[PDB]
Structures are given as structure tokens and as C-alpha cells.
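Have a look below at one chain only, the form deposited in one PDB entry, in C-alpha cells format.
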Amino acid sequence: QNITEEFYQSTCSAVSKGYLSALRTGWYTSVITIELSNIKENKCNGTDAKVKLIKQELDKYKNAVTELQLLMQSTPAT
């Protein structure tokens, strides 16, 4: 990197040189995927401790799955 610049008093302007390109010319698509179970409401009453907690990380999970369903059938806004 030998960066360097010249001022032109004639035309009130300046050029910085010594740079190297990296231009976005094209695009690489690729599908990314996630597999999901769907399950019932079948659960439990109880419980000792470490499944009262595993049930909560599962409210959230369907909650999510619900929002993602809301994003139904349309062109996405660019």
C-alpha cells in the first residue's frame, strides 16, 4: 500500500492513488434450511425442576414458529 495524493491548484481538486479494487459484480445465491418438529400440546403437570424450564424454552419456540407463519405468501420488500 503506497498511498499518495496530488492537489491541483488549477481546479481545486485532488486525487488519492494507490488503492486496489474489490467490486461487487455478481451474486451467489444458496438456500439455507432448518428442520422442525411440530408436536401436540401433550406435556405434563409436575415437576422437579429441569423440565419446568425445558417447557418454557418451547413456548418461545412455537411463538417463533407462529410469527414465521404470519410472513405468509408474498414478494419480500427489498
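Each form is matched to the other, and the largest set of C-alpha atoms that superpose within 1.5 Å is called the rigid core. Sequential numbering from 1, following the sequence displayed.
In this crystal structure, the stretch out of 24 to 32 and 37 to 45 whose C-alpha atoms carry the higher mean B factor is 37 to 45. For the segment pair 69 to 77 and 4 to 12, the entry gives 69 to 77 the higher mean B-factor, averaged over Cα atoms.
Below: the form deposited in another entry, not depicted.
Once both forms are fitted on their core, a CA shift of 2 Å or more is seen for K55 between this form and the one not shown. With the core superposed, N38 shows a C-alpha displacement below 2 Å between this form and the one not shown.
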